[PDB]
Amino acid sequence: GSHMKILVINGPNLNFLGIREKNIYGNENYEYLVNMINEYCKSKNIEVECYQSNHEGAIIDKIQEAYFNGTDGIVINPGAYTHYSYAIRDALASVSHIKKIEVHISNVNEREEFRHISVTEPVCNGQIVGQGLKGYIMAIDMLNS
């Protein structure tokens, strides 16, 4: 379309930014993240929707809806589903014409052992981790490059 269209998906527990450990996830809340993304995309003439759900199936539904509605790119932080949701992986793989960047706020490589492997990342075009909330901006830049 006339402007790039991006969907940002945040998975379970990410609506509790701020409430969760600030030394891991930073001082700012989910509303702050949404506003940051919205303002950045407006400054770049990018259409963006920020979506969050705790439900694995709703995330898959949202990815499928992106197939039909002109979405060019997805930025996704699957939350803990990153490490086990082969269903979200297959959803991401099913939208073969949508570029996808996986984001994690923290450096998941140095987190608990269960966070070290992502089952969604192998079907994504890229990824970013360990940059704080600005990782979402960096992911948008990867899609807009």
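For every residue, the number given is its place in the sequence shown, counted from 1.
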| query | finding |
| --- | --- |
| Stretch with the higher entry mean CA B-factor, where the candidates are 28 to 36 and 53 to 61 | 28 to 36 |
| Residue stretch of maximal mean CA temperature factor, 44 to 52 vs 97 to 105 | 44 to 52 |
| Ranked against its chain, the third holding the CA B-factor of residue 125 | highest |
| Ranked C-alpha temperature factor of residue 11 among modelled chain residues, by third | lowest |
| Residue 111 - which third its CA temperature factor falls in, relative to the rest of the chain | highest |
